[PDB]
Amino acid sequence: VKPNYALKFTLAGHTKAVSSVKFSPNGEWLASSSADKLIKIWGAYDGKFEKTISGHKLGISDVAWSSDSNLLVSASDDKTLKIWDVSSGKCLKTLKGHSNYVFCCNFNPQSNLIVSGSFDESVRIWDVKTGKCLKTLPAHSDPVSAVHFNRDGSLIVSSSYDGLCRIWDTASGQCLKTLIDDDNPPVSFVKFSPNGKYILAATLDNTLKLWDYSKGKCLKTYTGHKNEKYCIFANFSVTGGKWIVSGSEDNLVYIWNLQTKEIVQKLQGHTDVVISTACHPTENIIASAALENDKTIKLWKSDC
Ligand SMILES: O=S(=O)(c1cc(Cl)ccc1Cl)n1cnc2ccccc21
């Protein structure tokens, strides 16, 4: 009925705000990115620092794993993305083509493509093997805050400070849907649900919304947290009870019951905005990360 997340480890090492945290699909690792221009790798179960991956010339806003846990992609203010071999630390490719800061990135399920979004208002699709830009979508009229592929890679969802979420056909680049509710606040995050039927979207009016994108209908809203300024990730927690997890500008992690929408737990400990959360793929473990006055990542574990 309610989880019991408790703090287990605090991970120190980044020298500026953390920007994103992600667990590897195989459960072994946590990757973090930061405004300090670095990616760090940590053990997912013990929080033990593994190594630093460097090469970007300016801060990093996002990092994402390939589905086989072998590669990372990062998005930077240096206007590039980089594809990294995690085991060796090597930069395999630098993806150049955005005309402004790159803010968000993800691999497709087959990890043969990368999608990126930028302050240049575009969504781009890149070939992983060659590192070349395949398609540029004139997607939005303001910076693109998130991009994510659906379960089979046939669709991309993007979100933007223009107030819209858009769904794109990967193969053709056509805009298939635009989603917006009754107000127009910036959309700061979007992702498809694990089963691919829904989209979870955050807006800078203190609201998370679950959409049936096929029907174009908002089915659930999650409120009670504070999110008026920063692009804060949100997650589906799948391993125990069915929860929604998000950071907050009041320095807490919020956890809601997906079905009932009630808050079930708040996690206290960070000393600045919780900008990013991630949920472990097999264990009831949450990672949270905070902005410049805190600079740490925390690992929390629950029995359900
Ligand atoms: O499949 S889901 O995306 C999902 C969400 C979470 Cl938190 C954990 C696991 C899964 Cl599988 N999903 C979307 N709506 C749902 C309603 C009931 C059960 C699952 C639902």
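Take the alpha-carbon centre of the range 110-144, take the same for the range 212-268, and report the distance between them in whole Å. The range 110-144 and the range 212-268 have Cα centres spaced 27 Å from each other.
Exposure proxy for 157, 253, 190: other Cβ atoms within 10 Å of each Cβ, ordered fewest to most, give 253, 157, 190. Here the residues 207, 260, ranked from fewest to most Cβ neighbours within 10 Å of their Cβ, fall in the order 260, 207. Among 203, 271, 170, a tally of other beta-carbon atoms within 10 Å of each Cβ gives an order, fewest to most, of 271, 170, 203. For the range 164-181, 3J(HN,Hα) computed residue by residue from phi via the Karplus equation (6.51, -1.76, 1.60; θ = phi - 60°) reads 10, 10, 10, 10, 10, 6, 4, 6, 9, x, 6, 6, 9, 6, 10, 10, 7, 9 Hz, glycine and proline entered as x. Using the Karplus relation 6.51 cos²θ - 1.76 cosθ + 1.60 with θ = phi - 60°, the per-residue 3J(HN,Hα) values for the range 147-158 come to 9, 7, 8, 7, 4, 9, x, 6, 10, 10, 10, 10 Hz, with x marking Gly and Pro.
Which of 169, 127, 152 moves most in a GNM of the chain, Cα contacts under 10 Å? Looking only at 169, 127, 152, the biggest GNM fluctuation is shown by 152. Rounded to whole numbers, the Karplus 3J(HN,Hα) couplings from phi for the range 282-297 are 10, 10, 7, 10, 10, 9, 10, 9, 10, 7, 5, 7, 10, 6, 10, 10 Hz, using 6.51 cos²θ - 1.76 cosθ + 1.60 with θ = phi - 60°, and x at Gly and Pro.
Given contacts defined as C-alpha pairs under 8 Å and at least six residues apart, what's the relative contact order of the chain, whole-number percent? Don't jump to the answer; show the numbers that get you there.
On the way: 947 pairs, mean separation 47.8, N = 304.
Computed value for the chain: 16 percent relative contact order.
Which net charge results when you count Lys and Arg as +1 and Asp and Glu as -1 among the other residues whose beta-carbon is under 10 Å from that of residue 272? List each step's numbers first, then the result.
Values: positive: 295; negative: 249, 292, 294.
Around residue 272, the charge tally is -2.
Answer rounded, prolate or oblate for the range 135-241, using the Cα gyration tensor with square roots of eigenvalues a ≥ b ≥ c: rounded when a/c is under 1.5, else prolate when a/b is larger than b/c, else oblate. In terms of gyration-tensor shape, oblate.
Every read-out reported here was derived from the displayed coordinates using simple, explicitly stated rules and does not represent laboratory data. All Cβ positions, even for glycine, are placed from backbone atoms using ideal geometry, and neighbour counts span all protein chains on display.
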